[PDB]
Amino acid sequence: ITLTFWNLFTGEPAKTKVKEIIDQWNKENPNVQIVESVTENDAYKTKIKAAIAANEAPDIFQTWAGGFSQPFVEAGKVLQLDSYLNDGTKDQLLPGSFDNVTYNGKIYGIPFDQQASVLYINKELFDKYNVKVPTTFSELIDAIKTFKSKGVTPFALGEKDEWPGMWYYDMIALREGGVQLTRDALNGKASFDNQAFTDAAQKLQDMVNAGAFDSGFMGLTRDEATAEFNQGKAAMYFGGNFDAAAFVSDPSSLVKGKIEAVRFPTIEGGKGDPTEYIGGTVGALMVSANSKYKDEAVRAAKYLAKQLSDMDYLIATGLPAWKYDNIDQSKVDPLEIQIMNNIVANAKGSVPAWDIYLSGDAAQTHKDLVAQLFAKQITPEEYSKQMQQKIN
């Protein structure tokens, strides 16, 4: 039997590590082989949605739990997994790992990773100019102005694919409004046309106007921006913890041991708790409802998920969802540990990035309207009117 598996781990060392994880399975399972097809993140979203709709999805596929996957589950395209989870598997994952892969009270995925929002600081550049790490949004705007004045790009941001810049908006909205107001809006219990979301839009444009980003940032991908930051060409980078690898594990990086992870700053008058973050347990593997080899495919998905989780922890491409007592802490990068310590530990609450929590057209609307904010092609007030009108 040969199972197909799709994932998005395109960069090094993840691409090599995933291949190794698959090679090990294949050596230990002569009669159940896996073959993988690997597609860059943003093209993978297109690929997996089309495949699921056309009933040509692989046996096992990587996904984002929550809103992203909800249509696949509602269409009957995803194998329910409850009957395969009475074997002790649950106790091998961290508490609460399954919540986002549970729909209508039933489990449709095997979690493997958690996301968390991280402000990354180039300590070398901060020390060079004697800039303190900013802890408030006022301090952050002052730091942006200080770096800009020295000819140093304050933030490396690649906004072409829209979701990386959206992280900035969703965090600022979380600091302005708090987690409950974000959830209510995303769940349709509050209009998007609310002063906290408009204030967030203004603060995002305050970053642009202060010269936080390089002139051509709308033209750059995430990968191009992580290359900018790992070459030491920007003071700060903000986004997912998954980007950490580009800085401490990518062999091209010039900033290993120079990068610190901190929480996004507080905003004066904001209603959000300073420890709230954008993220949650949202990396999962799912099995296709139409797989010819359901039992083998779930066995393989259990194995893949644990190995991806351990890999994520070791190379800092993600925060593990599986317990990691088998892993030796001295082999883990200090930045990954720091993400756990500075962002995740003792956090009051969290919410996934809005394009994983929303689905389809609504997620796309938010990504495109945020991209207009960055481009100064919309006012904060019209942003919030249009969000309400286009979504609801």
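One rule holds for the numbers: they count along the sequence shown, beginning at 1.
With reference to the PDB entry, specify whether the mean Cα temperature factor is higher for 169 to 177 or for 93 to 101.
Between 93 to 101 and 169 to 177, it is 93 to 101 that shows the higher mean C-alpha B-factor.
So 148 to 156 or 124 to 132, which one's hotter by mean CA B-factor in the entry?
Of 124 to 132 and 148 to 156, the stretch with the higher C-alpha B-factor average is 148 to 156.
For the C-alpha B-factor as written in the entry, point me to the maximum among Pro320, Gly283, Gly88, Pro164.
The record points to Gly88.
Candidate residues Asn26, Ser37, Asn342, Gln62, the one whose C-alpha B factor the record puts highest
In this record, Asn342 carries the highest C-alpha B-factor of the candidates.
For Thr365, return the chain-relative third of its C-alpha B-factor as stated in the PDB record: lowest, middle or highest.
Its C-alpha B-factor belongs to the lowest third of this chain's values.
By the record's CA B-factor, is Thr266 among the lowest, middle or highest third of residues in the chain?
According to the entry, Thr266 has a C-alpha B-factor in the chain's middle third.
So where's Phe72 on the chain's Cα temperature factor ranking, which third?
Within its chain, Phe72 is a middle-third residue by C-alpha B-factor, going by the deposited values.
Could you place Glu336 in the lowest, middle or highest third of its chain by Cα temperature factor, using the values in the record?
It belongs to the middle third of the chain when residues are ordered by C-alpha B-factor.
CA B-factor placement of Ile278, once the chain's modelled residues are sorted into thirds
Answer is lowest: the recorded C-alpha B-factor places it there.
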